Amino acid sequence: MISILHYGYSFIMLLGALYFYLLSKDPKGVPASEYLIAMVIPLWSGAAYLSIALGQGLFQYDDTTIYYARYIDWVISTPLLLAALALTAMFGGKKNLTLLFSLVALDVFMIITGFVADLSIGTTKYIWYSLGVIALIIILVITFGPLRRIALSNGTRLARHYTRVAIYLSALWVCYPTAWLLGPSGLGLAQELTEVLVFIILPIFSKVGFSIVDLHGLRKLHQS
């Protein structure tokens, strides 16, 4: 069942990427860079999850299955999602690439702490997990603080769209460390199959859902 779920996920990622490609052909004032980012996120994730479907992207460690292909996925897809969010805030204004790369750095560190925590046991595991959670808190502080202030500097209509996708992204993102802690990588309260379903459904919304809402909202700002 786990294999079939991963095949299905990869198929949905492909469909999402094809949809964003089709939107890119009639871009409605959204820069090409934002369509490229929107396409890479699901295609990379789809490839990583295909490796799990094929029985390759996992190994046995600490009497648990480490789905290491999830970290290979997230270390590329998640910094790209924050790049997408930052570029939304900066729509119609001067780009702040310092703030954008601040988020990329925090995010890559966050994913690495997750991988190291998964390979760790006892107190060491929760030290790495906690550092990752601290990185996520700083990402959320930037998202609702200085980055939202950039969105507000780009006017009422853009700031409304930004706030919507910031809440969409943030709601989904806090679910990942929650599921991690509850599942076999952490306290082992949630069953492996349950964790697998959560890390199938969440990313469908994080990777395809997010960019449908984001791109549609930006395209709507276009005065045709």
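Each residue number is its position in the shown sequence, starting from 1.
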Over the set of other compared entries for this protein, does residue 195 lack coordinates in at least a third of them? no
Test item: residue 62 lacks coordinates in at least a third of other entries: yes
Looking only at C-alpha temperature factors in the entry, 142-150 or 114-122, the higher average sits in 114-122
Stretch with higher mean Cα temperature factor, 53-61 vs 170-178, is 53-61
With respect to the C-alpha temperature factors reported in the PDB entry, which of 198, 187, 37, 159 ranks highest? 187
Chain-relative CA temperature factor third for residue 33: middle
Quick check for you: using the entry's CA B-factors within this chain, is residue 183 in the lowest, middle or highest third? middle
Looking at the C-alpha B-factor of residue 41, is it in the lowest, middle or highest third of its chain? lowest
Comparing against every modelled residue in the chain, figure out the third that the C-alpha B-factor of residue 69 lands in (lowest, middle or highest). middle
Taking only the Cα B-factors deposited for this chain, tell me whether residue 193 sits in the lowest, middle or highest third. highest
